[PDB]
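Worksheet for the structure shown next.
Chains as they are written, first to last, in the authors' numbering: chain F, 695 to 721, 766 to 861, 868 to 884, 887 to 985, 1009 to 1124, 1133 to 1141; chain E, 753 to 766, 785 to 819.
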């Protein structure tokens, strides 16, 4: 609303008043006036910074900057009187600041200068700098990878509030998938620093643990990034095909180093939902066996799980275990099993058997 | 027989399933103790498809 010069003269008179207040500040009623003067002074500091910021934005094409702001935020700016701007709506302030830093970071100019200007006028500097580094990393082989790793360290340093979807998206634009992976896992770890989600899931996701459920959900949101990246890789692998497929393979062989038990569980859930049961047999995970036996006893659609269990145990050469698995699978009263598949199982059973057990044989 | 059909799915890779199934089921019903390592190769190859 105010071009830079009126704001400069106003800041001149205002910082003059501030000088007076600081100079004379040492010189039920008195304490009351002291509270009122303290409020006046703190508001004055807020107002000096605010007018400096308004001039800062108007000197940098205010219309374009707030044009990037949200239309609802623009309308709220239309109804906001600057008294409410300084007093109550720090959100519009942070949003306009982010909008200007975003204008700069999309214009691919260094953010250090605007950052120092902000820190000097209304103390987002390091955030803007990292943003510039990342966005420029799309326009820069060895050096590109180096800058990608540096932006990765930067964005994982602030992994609490980093917009994981957009960061991973720009990391997908430069084929820097390892960045998306490490950033997803770092955001997960830092988001739930105690692992309340793992205790929740391990306790059976009992409904009473709102905090455990919440931390698990936040880890899930973090992992959703790597999930989407792998899904895009596989989709473009099927539509280039082999390139995005190697993207998928590299993403997954990365995610297979992951030690988060709930993450292995979710990965299993997705993969089985993804019908890649071969890749399921193809990767080493502790919880698979557990998660399997659990789901098999708990899903009530056990047929799928139990078959997969006989399979996996076979691939691990655990003959008698897979044996008993398929054995129950066959015996199970269920309408989804016709005599044929039953006998075919019992066959595979005796065969894995010849591969106490003598009793099992005698029974069978 | 199963080694052959295996190589068949091998070349097709590098019905066969239902045929292999018929063979394994035969092995099971057969009132004669085939040798052990026999059963071993049978089960393993039946899996690897």
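In this text, a Cβ means the ideal position worked out from N, Cα and C, and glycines have one as well.
Collapsed DSSP secondary structure at residue i in the structure displayed
i, result
"residue 882(F)", "coil"
"residue 808(F)", "coil"
"residue 860(F)", "coil"
"residue 1059(F)", "helix"
"residue 941(F)", "coil"
"residue 1104(F)", "coil"
"residue 827(F)", "coil"
"residue 801(E)", "coil"
"residue 869(F)", "helix"
"residue 721(F)", "coil"
"residue 1088(F)", "helix"
"residue 1020(F)", "helix"
"residue 950(F)", "coil"
Pick from the options that is closest to residue i, judged by C-alpha positions
i, options, result
"residue 942(F)", "957(F), 783(F) and 872(F)", "957(F)"
"residue 1042(F)", "1056(F), 1030(F), 977(F) and 1013(F)", "977(F)"
"residue 975(F)", "1035(F), 799(F), 911(F) and 962(F)", "911(F)"
"residue 1066(F)", "1098(F), 721(F) and 1031(F)", "1098(F)"
"residue 790(E)", "762(E), 758(E) and 802(E)", "758(E)"
"residue 1134(F)", "1089(F), 1012(F), 1120(F) and 1115(F)", "1089(F)"
"residue 791(F)", "773(F), 1012(F) and 834(F)", "834(F)"
"residue 1025(F)", "950(F), 968(F) and 927(F)", "927(F)"
"residue 973(F)", "938(F), 940(F) and 929(F)", "929(F)"
"residue 901(F)", "787(F), 874(F) and 893(F)", "874(F)"
Chain E residues whose Cβ lies nearer than 8 Å to that of residue i
i, result
"residue 1115(F)", "798"
"residue 838(F)", "Those within 8 Å of residue 838(F) in chain E number zero; the least Cβ separation is about 59 Å."
Within chain F, the residues that residue i reaches when beta carbons sit closer than 7 Å
i, result
"residue 817(E)", "1083"
"residue 791(E)", "1113"
Residue i - containing alpha helix (DSSP H), residue span
i, result
"residue 780(F)", "767 to 796"
"residue 713(F)", "698 to 718"
"residue 785(E)", "No alpha helix (DSSP H) holds residue 785(E); DSSP gives it neither H nor E."
"residue 956(F)", "956 to 984"
"residue 1081(F)", "1071 to 1084"
"residue 1045(F)", "Looking at the DSSP string, residue 1045(F) is not in any alpha helix (DSSP H), and its letter there is neither H nor E."
"residue 895(F)", "888 to 903"
"residue 922(F)", "Run containing residue 922(F): none; DSSP gives neither H nor E here."
Residues that residue i contacts on chain E, provided the C-beta gap is smaller than 7 Å
i, result
"residue 1120(F)", "794, 797, 798, 809, 812 and 813"
"residue 1123(F)", "806 and 809"
Cross-chain neighbours of residue i in chain F, by beta carbon under 8 Å
i, result
"residue 766(E)", "Under the 8 Å cutoff, chain F gives no residues; its nearest Cβ is about 16 Å from residue 766(E)."
Min CB distance residue i to chain A below 7 Å
i, result
"residue 1133(F)", "In the structure shown, chain A cannot be found, because the protein chains are F and E."
- Item | Interfacial residues, the region 1099 to 1114 of chain F to chain E, with Cβ spacing under 7 Å | Of all residues in the region 1099 to 1114 of chain F, 1112 and 1113 have a Cβ within less than 7 Å of some Cβ in chain E.
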